Structure formats: structure tokens, C-alpha cells
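Take a look at this one chain, the form deposited in one PDB entry, written out in C-alpha cells.
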């Protein structure tokens, strides 16, 4: 088992679901308390279990697995022996965890805002609604639309949504393309949102594209919320439903075709996979990776990539298709 998640395939479904879910609760709790290091270790341990070829049945099977020390091993031990980890259950039922989860789930609220609200004594969505002058416009949208945004987006919704985005994109710039990224590209059947990456085959033609796309979607009556030169938009869209509609979160990102492989790689995720890939790049290869490119800080040069395959090769990693990036 290699130590970085980008060095091993991680499928969407696996053989240690219960164990990984428990470790991810502890990760989430760590994040709520501002401990990014502990969040990372718990996420990485969870991901290791996702990458295993069969279920862990005995504690000895954790011996020599990366990211399993005393704490993570004890969590697994208790789950294997009793079907439940007391620490995890204590977290699940803490007022602190439940409220931080509720608040951070709101579009426009992060850990820092949630924590302040918690310290101020606020606990429920109706608590926030009763003092709305204190909310940003983004948070007001997030709170108004919270119920719809809490409903999973279905893979069967994505097709009709991509069609409307393509129509707007084609008027904004003929020849521009729309590629489905995010979790759906990794094979997820549901999502919290839909992520689309937009480019044009002629380098430079994509400049100024996103405002044009957004103004057109807005004129079609499809945009319940967006922030508005820019290249990423975090929207709430009106999606048709039987006799009605629902609000869904849609992310649009534009990249030049030169950068498209890097943007596709970054936006396809998973989040942990990309963190691990960027960590690997810098720490093991001395190269700086982001969603725009891959920089050699010695040569002061950028790697031209024509594909995701190119990027994996340049980093000395075996290629993983999107379905095996579910770290």
C-alpha cells in the first residue's frame, strides 16, 4: 500500500464502507475544530481502507498500512469487536458536531462563520432566518434554497442540465465545449451539485466567455442566484421537475485549451485525491501542480500537457481513470 492516495486506485464502491465512514466522521469533527492535520490523517486512513481489495476482519490486517497509528487503529478495533466506536458515537450526538454540520452545509457559510454563530448561541436554521440583516447575499440564497440544495442531484438530472448550458455556451461562443467534471465524471450516481468545464479549441477564444454565458442563462430565467471579468461561477439553477422545478447548485469554470487537462484533472477530484496529487508532486517530484499547470521551479518552465495521461506520466504515476480517483 503506497502512502499517497494518487499512487493507488480507489473505486467508488468498496469493501470497508462502515470503517471508512466512521473515520470520516472523526475527520469532519477535526475540521470543525480547526485541526486540518488530524482531518487529513483521518481522511487518508479512510481512503486506505477504500483502496483495499477485501474487508478488514482482524486488527492484524492494519499492520504496516500507511496512516494507521494508535488512534485510527483503535477506532477500527472497536468497530470490529462491538460494531460501534464510542468516540464516533459521542461525536455523532454532540450538539457541537450537529450544529457545525448544519451550518457548514449552508452555501455561503464556512467553518469560521459556523463556529462564530455557534459561539453566539445560534443552533437552528430558523435562528439564522430570525436575524437576516447579518447574512451576506450569498448566505441568504443558501438559506432560502437550503432544502432543495439538501436533495441529491441525480445523474438522470445532469443530461437535461448540460443541454441548457451547451445552448447558452454555443450562443456565447460557437465552437466552445462543455465537459461534465466533478463527482459525476468519477461515476457517482448522485451529487451535491453539477460541475462543468468549458473551453474552446482555439487558444485565447475563451477569454471573456463566462460573463457571456452567465448573461445568457440569466436571460433564459434559469439562474436563481449567481455572484454577478471571471472564470469560475458558483450558481443556483432552476431545474425542471414534474409540474414544478427545484433549485440545484451548478459550478461553471472556463479554461484555455492549453490548461484544459490540468483543469479537468483538478475539477474531476476527488478533493482528497487532488490534495494528495499536489502534495506528491511538490514533495516527491519537486514540481508545483494546480488547475492551471505544472511548474518546474528549477527550470522556471511549465509542462505542456495534452491529456490527463500526459500529467500522470510527467509525475511518474501510473494512470488512473476518473472512476479510480475516489480517494
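Only the largest set of C-alpha atoms that superpose within 1.5 Å between the two forms is called the rigid core. Numbering follows the first chain given and starts at 1.
Absent from the display: the form deposited in another entry. The rest refers to it.
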Item to check | Core-fitted Cα difference of 2 Å or more between the shown form and the other one, single residue among 207, 84, 111, 125 | outcome: 207
Next on the checklist: Rigid core superposed, CA of residue 147 - does it shift 2 Å or more between the shown form and the other one?
Outcome noted: no
Next on the checklist: Aligning on the core only, does the CA of residue 98 end up 2 angstroms or more away between the shown form and the other one?
Outcome noted: no
Checklist entry - Can a Cα shift of no less than 2 Å be assigned to residue 220 between the shown form and the other one, given superposition on the rigid core? => result yes
